[PDB]
Each structure stands twice: as structure tokens, then as C-alpha cells.
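Right, one structure below, let's go through it.
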Amino acid sequence: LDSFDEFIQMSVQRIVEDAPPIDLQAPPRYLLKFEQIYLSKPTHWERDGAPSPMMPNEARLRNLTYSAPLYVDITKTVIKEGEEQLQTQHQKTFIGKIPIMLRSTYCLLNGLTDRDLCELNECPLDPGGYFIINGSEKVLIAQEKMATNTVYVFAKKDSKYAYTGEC
Amino acid sequence: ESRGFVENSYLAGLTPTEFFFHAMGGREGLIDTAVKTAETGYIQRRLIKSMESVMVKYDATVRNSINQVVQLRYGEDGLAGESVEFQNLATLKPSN
Amino acid sequence: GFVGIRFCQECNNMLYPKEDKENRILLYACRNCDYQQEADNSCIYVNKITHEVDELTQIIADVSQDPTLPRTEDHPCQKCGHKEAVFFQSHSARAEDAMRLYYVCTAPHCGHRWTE
Amino acid sequence: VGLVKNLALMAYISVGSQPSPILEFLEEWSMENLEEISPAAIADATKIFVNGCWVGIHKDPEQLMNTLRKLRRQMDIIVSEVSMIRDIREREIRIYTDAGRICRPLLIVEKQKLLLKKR
Amino acid sequence: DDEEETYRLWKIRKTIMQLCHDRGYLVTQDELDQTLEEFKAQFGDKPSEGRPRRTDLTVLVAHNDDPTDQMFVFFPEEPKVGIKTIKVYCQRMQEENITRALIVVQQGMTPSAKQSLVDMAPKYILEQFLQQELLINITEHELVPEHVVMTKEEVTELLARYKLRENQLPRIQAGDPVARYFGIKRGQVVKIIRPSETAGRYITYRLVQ
Amino acid sequence: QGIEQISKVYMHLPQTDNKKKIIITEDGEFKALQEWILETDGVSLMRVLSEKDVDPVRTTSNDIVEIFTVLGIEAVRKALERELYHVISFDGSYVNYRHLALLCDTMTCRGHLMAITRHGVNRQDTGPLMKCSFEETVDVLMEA
Amino acid sequence: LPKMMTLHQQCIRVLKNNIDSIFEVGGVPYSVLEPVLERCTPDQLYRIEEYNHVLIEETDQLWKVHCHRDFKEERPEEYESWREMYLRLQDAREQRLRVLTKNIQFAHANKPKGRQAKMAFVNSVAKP
Amino acid sequence: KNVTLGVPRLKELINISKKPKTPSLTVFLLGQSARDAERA
Amino acid sequence: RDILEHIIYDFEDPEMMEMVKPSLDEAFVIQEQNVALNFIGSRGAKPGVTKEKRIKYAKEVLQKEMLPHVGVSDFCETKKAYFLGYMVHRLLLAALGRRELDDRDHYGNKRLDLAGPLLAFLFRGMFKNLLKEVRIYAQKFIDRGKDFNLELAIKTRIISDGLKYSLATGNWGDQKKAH
DNA sequence: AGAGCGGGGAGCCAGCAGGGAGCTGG
RNA sequence: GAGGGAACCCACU
DNA sequence: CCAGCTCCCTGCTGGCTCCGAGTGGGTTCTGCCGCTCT
Ligand SMILES: [Zn+2]
Ligand SMILES: [Zn+2]
């Protein structure tokens, strides 16, 4: 839950920031800059198109993906020859759907008491920590890796190197 | 105690350091089983495919599929191994 | 004894050993620029194959602050008389042949390190 | 076997933090930058690593680690999940704020006494 | 050193003449068991000085059944062996009308010299032996069982008894150390007598390939 | 001094009859003689055999290839049998002799050391279908 | 403990285990009390000196053992006994630490701006 | 002596390895050389 | 002198000097920064025919791609030099036996990518893909046309179905690169 | 407009460069 | 009186 | 006299093929969204 909350609150916005703005010339120049993300609560749109607050049992039963729409604020500036810069503020532009970990901050079961969870046909003993993808509960197994930014010196065997430092 | 000698019995119960060191010891046996199965099976397969057509012929010789003589008699005595027994030579050991 | 790197002054590079037969002596010459200098020590290169018998000079006194090191009060400091001292084995790759204990005085401002 | 592992019950994997408060505090807690020092001062001083970045050296590493532990223990500038390691023999202080570090809570002992009291 | 080289020369001569007795050549019992002192008395003590000279160490033997079937054992002084030494040795063989020789080299032979040996093998049979290989008798080792070279009539009786072809027998390489010891060519059959854990004695037959 | 391929030599006096010098006395008993024996960490068998006061009969290696190149094919057959027996009977396990003898005779029937691998088995005169059944199926059938 | 101890050593080892038990020394001279006070830590010395004031002018050299352990880069100036220097630098360092805490909390949270995700509640028809 | 046994030695045997893990000799001595430790 | 000051912090230590002697002897023939950058760029991914192109490529490797954590911006080369000298110093310490070799199985040398970092890696790749497709669409409608609609430029299927696919299958990457 | 379709190791082998005798030629 | 394959994961002896 | 040049041994590097047997159960994806043309 803590890793998913850090990903949603901090990592998505940081990834959007570190992506460079798009500079496009044929001539007219267009600069696209993605500014501020917005994440909603997990909503379902049927074929009618009316949004609804999508519950985890609805996602499990109807084989839905328990995902929340991710909007973003985009600025499009126009740079012509002999013309000032033109600003277009495309506020809250939908760019996809982020699957939501159960009982995380942006899950609809967040902050609910056990009575509210039982009224929603959820088990209060259920830990969360998983996603609902096409109605199937998916857990992300943690993955070990070597630590970054650290100097590690080993001795490669049966090689041309007596010792090797790695970072 | 530091380097993994467990001074307790299973009835007495292990200290936490002894418990962790015993887990380190038993993980070795689990690893040994799991990684020895594949190499042993490959050894068995290679041993089988090297000798599968070697057989006792009707002239009591041991030959392969190429009909080359491997042994002139099976086990050098021509006897099946499911009926020989451990016995003692009476005249080998005693003095003159 | 060991020989160290002697550096040039014009370009601060490495001086390499060389001889002059007109003076018939030894000089450290820089071969990036044209600097030359008469060499003080005749020893150009030395092996220390079995000269790893000492490990006290690599020990620092800061290990007196290590809480994971064993402390004893039966080995008083010779330099200052403090009763307590940490002891440890050598941490080198040369310590495979020796479990010899080294001692460091745990009194501040002393840092005296000795053996047995 | 051995490759798939499980968490211990009180094990917590760190979530990550920004090094900026620790870096600012180190800058005005008598640590001198690498850009402003001659190399001759590096031999006797303690190298300071923040998320594996050598940011400077310190002349008094013991009181620096005491100060850093005091800051982390009262949940000041340093947050609780930050790891601070003093390699005493190698004269290094490594501060890690990144994610993925697995840690566990331990009771603090000062002078052979628990800081956990009956209160 | 002169003493260790004299010991080497005595050991080489003893192994050579054990080999010659094993090959069927007439080597008398007096010169099988020649002691180091007897070798010192007959030949010398200081090979670097030259009292035992390798050229003087040349052994001429005659086969037991055929007294005109003689074989040489040559000891080149030079460590390698070239074409010139081979030409000198085969000229000596031609002028003494002998078709078999052993060449006990110190370091080895040049590849051209081995090519000359295999080229002249139809007329004169010349065997390469390192001194290192000949410093012991490998047939006296406990791992090496008894090898007996079979006559052609024995081979035909063997193949008639077991109704075999030659390629159905087990094989031994012509470069095998025991095969090189007995000086056997391709097509011959060696009868191996060995002890058996189960039967007591077992006889194998190996064709030279 | 010494021989280049041999790094370390371990002297020991064996207390067990596995590596002793059994002799038949004048009375006629089998008497075990405790005699000092050496072990090596490298293999230079021919030089060791040539050395002074080294037994040129009982001295042996555990290297199969050098025993084959020094003493021949029947000697490496016996050495292979001894080493396989050592591996089997380390645990006190017993396998009947005919199985070990058949494996060693299979590995030494063609004059050289035929390894129990594709490079030993698939280079015999056996049919292409047997070879492709073992290993390198497509390559064997293309060679055929 | 395979050691023999006379009365001095017995009393000072017991008291060297429980320094904290001392409230008021009575009338012991420092020259007697010299061992147990050298194996001690400066807060306990402040406690002892503020219950047993008559020891103060005796213990100042003792403070040097603390000063070169806590302020090893320093030296006293003139008209500075080691106790008053240790207390002045100790309180100055605590005040510097408190000012730094109130800086890097105020100037990192309240002063600058950090960007994160905000809740939408849009329910947009951009995904129909 | 660190002589290898078990499955790795069986693999080193049935695969004719030119590089055994622990190659070794068992050197036996002749005469008085075998009887005293100094000439051994 | 400067290189050894960055590598060897105590110049009164002769064995570190002895071990850095072969590297100094090997690299004596290069004596300028531009010649060294040329030597680096001669062994690049694609060596440029222009020497100045090789200088730019070597500078880009040494700044952007060599030790990004100590510094990636311009004029941050002294921190990178101290860190590289620290790596060489650690290598010499291991060579002397003065410092123990690192342990791969030591679990303080390991980090655990949880749902956060893994989803961040996914979303970084897929936001790069979404910006790539937006760039292609807007490039097409500024090349022949004059204007492009941004709402039609964004393919939400990229982020949505990529996250859905990687969470559904467990293959952590792209759909066309599952192997 | 809208229906349907084209675009990790471990151990073998051979193939190359480096060596080092040795015949023909002056 | 019997119409998919493939990939991956978990598990069993 | 003595320089010249060709063809077999060793060694390094690259390719290449192998890595236990047998069982349950699951999910996902194959098979894709731009069209040019009436
Ligand atoms: Zn210079
Ligand atoms: Zn002291």
C-alpha cells in the first residue's frame, strides 16, 4: 500500500515532469508541455456513458479492471514568425487509466469502517494490496535487485580481471 | 554458540540464534536435493543412451547394436547378477 | 624500504628513472616536458613478498568507538595506563595465516594500538 | 527453493525519501563539500555518502552520527526510514534514503538500559 | 649432473632391453639384470665428459626364431632429431641390412622427421621413443595387465572360434603406450590376460587400429 | 626443484588397509605394512614414475586422461573401474561388479576413452536413428 | 571476578557501577572521589556538581577529559574554565541544532512548493 | 586432501574431463624411503 | 598529480602508488583532454567520421551516461572525478587485501522493487510511448496541414492497455516484447 | 456511410594467428 | 456418443 | 660462404549444444486499429 501510494502521489507526476516537452517544427513551432496530473476515484463507464462509482465486487463479478482515470493538464504554445506566443490550456486531459491497488489511498474502500465494508460486501479482514485486472486479483511480487549507486568490488573467477569494481 | 553449535536438544528447544543457524543448515539439504535431481537425471539419461543396446547374445557374448564384442562373457564369468552371493575364500588368508 | 612516486614541477607528471653516463649517476627525469632531477635514493623498485608481518600501521584509533568490537579490561594501555581496550583480529587477506589479536586503547586522546 | 522468499512479520520495506533535507543539514553541520576541499584533507577525514553520492567529508564523525541519530530518533529533519551507517574502519558515513531497503524496528538501548519504560 | 645422467642412461638401457626381451629378441639374462655398477664398469661414469657415450650405447639385438631378423636401438646425442640424423641411422641400417630400429630421443623429434619415419615405414620400421617414456617399464605397472602379441594363425583360430570379423573385436590404438612398447602395427591382435573379481582370470582381445 | 604441474604434496602414513603395502610373509600371512605415501595437487604422473625411490608399480593418478596417455587402454580401463568403485563405495553402497565392468568396457572398447556424452556416443558406428534419439537430432539427421 | 580488592577499590568499583545513585556526597574530598568521576558522562557531572557545589572548583580539569572528547577541535580562551566552556558550547550547539530544525522544517515544507496528484471528481465523458 | 567424490566426481568420470576438479597422485615409495619420514 | 590526488588520498602509502604505476605507464601517450576524448569516442557504439563528432559523443557518454547519480548537469565533473577515484581506490583496497570483497548475497546490497517502482518503470516507458505517438500525430498534421487536435492526438489505449496487460499476464514490459 | 481485407553456465568442436624446422638457391 | 494451440505462473511426488 | 621462403605444431577465440521424471490447477493472448473508397 505504501509503495502504491508513493507511486500514485509522487512517481506519476515526477515521470510526467521528467518527460521533455515536445518541440515540433515543419514554419510554425508547437511546444507541448504536460504539467499537472489528476487521478479520479475508480469509476465505471457503461455503453450508455454515465459514470458510476465502481466497487471492487462489481469489478470482480463483471470482470472489470479496477482502474481510475488519469487526467493531465497540457499547455500548447504556438510560435509563429512575426507573431507572439499563443497559449492553449487543455485542462484535465484524459490520457489513460491507472489500475488501483485495493485498500490503497485512491481505492474506494479507503477509510471505511468494518461495517461499511460489510455493507459493500467486502471482508474487513481482507488486507488489500492487490489489483483487480479483468476481474482477476493480481498481486505484484516484490523483486530483488542489486542496490544502485553503491560501489561493489568482486573477484571475477577464471577471467582476465583479478578484481572488478561495479556501480 | 556464535559459529553455529547448537548446545540444546529438540526437546529443550532452540535459542533464536540456534534456530536461525539450524534453518541455515537445513536450507543446505533442501538446496542439495533440488539441484542434484537434474544433474543426476542427466547422468542417468546419458548412461542409458550409451549402453541401451548392449546385450547378452546367444553365443553368451556381450555385444552392442553394431555387433561388436564388448565382453566375451557377461561380467567375465557369464553369470547373471541376481543369483550370486557373498562368500569367503578359505585358502586365501591362512598361513602355510 | 619502499620507493614512492616523485613528481615533476613543470607539469606535475610522473618522473621515470634514468641514468646519465657522463656523470654516471641516477636521475628521475620527466618525459612529458624536458625536466630532469638528480635522484636521492638509488632503489628503483622493491618487492615486499614476505614483508606483510606488520598490520598495526593500517589500524586507526576510531575503532575504539565500535560497539560491536570486543572490549577487555585485562590488557591495560602501555602508553597511558587506561584499563580498557578493544581487541580484534586482522581484517586483511594476510590474516588467513594468523588469528593474532590487536588491541586499541579505548581512552580518547590516546589511540595507542599494540599487539598481545 | 531459496529464490522465492517471504517477509518477516515486522519487516518493512522502505518507500523512499528526498535527500534534500539531509543534504542541507549536512551542508551547514560543518561538512565541507568536495568542490571546496584540497585532496590532502581527505586522508584523515570521513567521506560522507548520501544515497551513494560522495557529497563531502567530515572531521568529527562520531558527534555527526550522534547528531544524525538524535535527529532521526525524534523524527526531525531525518525521517525514520533513513538508514545511516558509519563504516568506522573505512572512515565512511553512508546515508541511504532510497526505496527498497528492508528494515525492522528495534528497541533502542542506552547504557545497558532500554529506553522503553513502564510509562 | 653426471651421476643422475648415468642413472638415466642405465634405466633407459634396462627398459630397452626388457622391451627387446618382451618383443622376442634374444637378450641374455646377464644383460637384463645389469646393475648400475655393472653399467658404470662397462660404459663409464661421466656422460658429459663422454665415458658413457650415447653413440656407444647403441643396442643390436636379434630375434629368437630368426637370427637374421635384427633390430637396432639408437641413442642420438642431440636433444631433438632432424632429417640428417634419420638419414645417418637408415644408412647404417641399410649397410647392415636391418629393417627395424628404435630411436631413443631426449626432447623429441621434428614433425618432418616423424613424416620421414612414416614415409619410410614400408621399408624400414623406425619407432620414436622419448627418454622420459622409457625411464620406467610401463608393463610392470599394476594397472597394466599382461599383453601377448598373437600370431596370425592364432588370430584366424580366434575369429573362427567366436565367428567374428576383425572390426567386431575391441580395439587398441597403434599409438597406445603398450602398443608402442610391443611395436605392433595395424591389423595385429593383442591377447590381454588380466585378473577378474568374478571369474578369476579374463582374456580380452584387442585389434590394433 | 620439483615437477612443474605439482603444486602441493601431502605426506601421510595411512592407518587403514586401503592404501597400505600388503605383503606375504615367510610364514604365509597377509601382513599390512604402514609405509609413507604421498598425495599431489597436480598430475605429472610420468615424471613422478620416473623419479628415484618412487614405486614404478603401485604409483597411480586419479586423472583418467593421463593414465590413458601414459599406461594405455587396459590400464585406463582398470583405473576407470577403480575410480567408479571408489565413488560408489564411498557411502558403503555396493553395486555388483559386472555393471561397473560393462560401463568401463563400453567406455574403453574402441581403443580410446569414449566419454558418456554426445561427443563420445554420437561418434560411434551406430545408426542415425539411435544418435538422433540421444542428442543433436536435427544435426545427426542432416549428417545422415 | 577472580580479583582481590581492598576497601578503596571495592567502594569505587561498586560506585563505578552505580554513579547514578549519587545524590549528595556529604564531605568526601575529590582526591578520594577521583576514580568514579573520571569514568562518568558530562550530564551526570552536571547533576553531581549542582547537588554538591563545593566540588566545582576541583572538577574543572576533569571536564577537559570531556571537552577533548566532545569538542576536540577546540581550546579554551583565557578566563574560561573547562566547565563553563563545555556548558557554553554545549548549549550553543543545541541552539544551533534547534535553529536548523526550525529552518529545514519551515523552509522545506511551508516555504517551497512540491507537486503531486490531486483528486479529480470530474467523471469526464472523455472515456465514454 | 580435498579430493572430490559423489555426483561431481561421477560426472568427471563418465565425461572424460581433461580438467578434473581435484587431480591427484598416490605416490608410493620404494625401500627405506618408504620406512622413515626424513627421506620421504 | 591531480589524477592520483583523486585516486590516492594518502600519498605516504607506497603500495597504492605501485599499483597505479602500470595504468600511468599505459596511458602516458595521451596527455590532453581532447586526445583522451578522441580515444574514448574511437571505441563508441558508432564511431563518427568527424573528430568533433567523436568529441561530442565522448562528452555525452562521460556526462550523461557515466555515473548519472553523482551528477548529470554541466560543470559537475569534479564530483564525478572524486567518485571515479573512490571506485579506483576501492579497487586498490581490494587488491591489497586491505578491504574485504563485497558479498552479492549480503542483503544490504539488495533493494526490493515493490509495486511502486515496478509500476513507475512501466508508466515511464508508456508515457514515453504516448509522447512519441502524440509527436507523430502532431508532426503529421503540421507537415501537410496547419493544426492538430490534441484530444485526438492522445491514445489512451497505450497507458491503459499496457498497464492492464502487464498486470494481467505478469510479463513486465511490452506486449510485442514478451519473450 | 459502412463491410471486408492487406500489412545463466560448462564443456566440446573447428578456424584463425603465431611460431619453428628445413628444402632450394645463390 | 465428441473441435484449438501457445505462453506464463502456482502447486504436487 | 649464407640469405630466402613454405608447411606442420600449439594456443587463443568464437560457435554450439546440453542442462530429472511425471502430475494437478490457473490466466491470457491468438486475431488490430490507421484505412481508401462509395
Ligand atoms: Zn614535467
Ligand atoms: Zn591508552
Side-chain angles (χ1 to χ4, degrees), chain A residues 60 63 65 130-141 143 156-160, chain B residues 30 32-50, chain D residues 1 3-4 6, chain E residues 78-87 105 107-119, chain F residues 65 112-123 131-140 142-143, chain H residues 7-8 10-21, chain I residues 104 133 136-137 140-141 152-153 155-158 160-179:
Chain A
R60 276 184 216 113
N63 275 21
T65 295
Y130 55 92
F131 306 89
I132 295 164
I133 313 290
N134 306 317
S136 185
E137 292 167 335
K138 311 285 189 170
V139 63
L140 282 186
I141 312 298
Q143 303 286 319
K156 280 179 179 181
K157 199 185 69 170
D158 205 71
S159 291
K160 61 196 293 186
Chain B
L30 301 172
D32 285 354
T33 285
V35 311
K36 90 173 176 175
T37 44
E39 294 293 328
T40 315
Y42 193 26
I43 277 171
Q44 299 147 12
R45 159 154 182 83
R46 290 205 322 275
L47 280 178
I48 282 281
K49 301 306 279 183
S50 81
Chain D
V1 59
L3 299 183
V4 183
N6 264 269
Chain E
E78 54 274 41
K80 297 215 59 177
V81 162
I83 310 283
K84 276 76 70 176
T85 304
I86 291 316
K87 274 299 183 158
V105 308
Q107 188 274 331
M109 293 177 71
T110 55
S112 72
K114 305 158 182 155
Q115 183 62 255
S116 178
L117 296 202
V118 305
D119 279 339
Chain F
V65 193
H112 53 82
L113 278 167
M114 183 278 288
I116 307 298
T117 301
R118 57 173 167 280
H119 321 283
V121 176
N122 282 3
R123 319 279 95 90
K131 293 174 175 185
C132 81
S133 74
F134 181 30
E135 266 180 17
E136 284 183 353
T137 290
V138 174
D139 316 327
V140 160
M142 294 296 172
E143 294 293 328
Chain H
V7 187
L10 183 75
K11 201 177 166 281
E12 279 154 30
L13 282 177
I14 67 170
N15 297 321
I16 307 288
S17 302
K18 293 187 286 185
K19 299 298 293 295
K21 178 58 71 167
Chain I
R104 293 182 184 271
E133 294 286 334
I136 301 299
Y137 187 97
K140 280 185 198 173
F141 291 168
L152 309 170
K155 291 167 90 81
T156 69
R157 298 291 183 184
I158 297 169
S160 286
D161 291 331
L163 277 173
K164 193 179 313 190
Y165 165 78
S166 302
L167 283 164
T169 52
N171 306 314
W172 210 252
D174 296 87
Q175 194 152 354
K176 60 209 172 298
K177 307 147 155 62
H179 45 75

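Keep in mind that the numbers below use all heavy atoms, side chains included, and drop hydrogens, waters and symmetry copies. Residue numbering restarts at 1 for every chain, and letters A, B, ... go by the order of the sequence lines.
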Between [X] and [N], does any side-chain N or O lie under 4.0 Å from OP1 or OP2?
X	N	value
I:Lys155	L:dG34	yes
I:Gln175	L:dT30	yes
A:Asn134	L:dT28	yes

Rounded to whole Å, please give me the gap between [atom1] in [X] and [atom2] in [N].
X	N	atom1	atom2	value
E:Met109	L:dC9	CE	P	12 Å
F:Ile116	J:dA10	CD1	P	22 Å
E:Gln115	L:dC7	CD	P	13 Å
B:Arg46	J:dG11	CZ	P	12 Å
A:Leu140	K:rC9	CG	P	15 Å
I:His179	K:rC8	NE2	P	12 Å
I:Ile158	L:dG34	CD1	P	10 Å
I:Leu167	L:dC29	CG	P	11 Å

Spacing of the [atom1] atoms in [M] and [N] (rounded, Å):
N	M	atom1	value
L:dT6	J:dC23	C1'	9 Å
L:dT36	J:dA3	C1'	13 Å
J:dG26	L:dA3	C1'	9 Å
J:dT24	L:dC2	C1'	13 Å
L:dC33	K:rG4	P	28 Å
L:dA21	J:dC16	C1'	44 Å
J:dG9	L:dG34	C1'	46 Å
L:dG4	J:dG20	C1'	15 Å

Derivation and outcome, salt bridge (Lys or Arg N to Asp or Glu O under 4.0 Å), residues I:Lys155 and I:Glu133:
CA-CA 8 Å; I:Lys155 291 167 90 81; I:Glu133 294 286 334; 5.5 Å; no

Residues two or more places apart in sequence or in another chain: which of them pass ring-ring contact (aromatic ring centres under 6.0 Å, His included) with A:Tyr130?
none

Using the test ring-ring contact (aromatic ring centres under 6.0 Å, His included), find all partners of I:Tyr165 that sit at least two apart in sequence or belong to another chain.
none

With sequence neighbours excluded, what pairs up with B:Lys49 under the salt bridge (charged side-chain N to carboxylate O under 4.0 Å, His left out) test?
B:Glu52

Identify, via the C1'-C2'-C3'-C4' dihedral, which side the sugar of [N] sits on: north or south.
N	result
J:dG22	south
L:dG31	north
L:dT10	south
L:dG34	north
J:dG6	south

What contact category does [X] fall into here, base, sugar-phosphate, or nothing, at under 4.0 angstrom with non-hydrogen atoms?
X	result
A:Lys138	sugar-phosphate
A:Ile141	nothing
I:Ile136	nothing

Output for pair (F:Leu113 CG, H:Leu13 CG), nearest 0.5 Å, gives 10.5 Å

Which heavy atom of F:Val121 sits nearest a heavy atom of B:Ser50, and at what distance?
CG2-CB, 3.7 Å

What closest approach, in Å, do H:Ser17 and F:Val65 show between heavy atoms, and which atom pair accounts for it?
O-CG2, 3.4 Å

Can you build the contact string for nucleotides 17-23 of chain L? Use B for base contact, S for sugar-phosphate-only contact, and - for no protein heavy atom under 4.0 Å.
BSSB---

What string of B, S and - do you get for nucleotides 19-25 of chain J, 5' to 3', if B is base contact, S is sugar-phosphate-only contact and - is no contact with any protein heavy atom under 4.0 Å?
--SSS--

Stacking test, L:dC32 against L:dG31: centre separation of the six-membered rings below 5.5 Å and plane angle below 30 degrees, yes or no?
no

Taking Watson-Crick and G-U wobble contacts under 3.5 angstrom, with | marking pairs to another strand and [ ] crossing pairs, the secondary structure of DNA chain J is written ......||||||||||||||||..|.

Do the side chains of [Y] and [X] get nearer than 4.5 Å, heavy atoms only?
X	Y	result
H:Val7	B:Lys36	no
B:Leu47	B:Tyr42	no
E:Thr110	E:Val81	no

Salt-bridge test for A:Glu137 and A:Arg60: reply yes if a basic N is under 4.0 Å from a carboxylate O, no otherwise.
yes

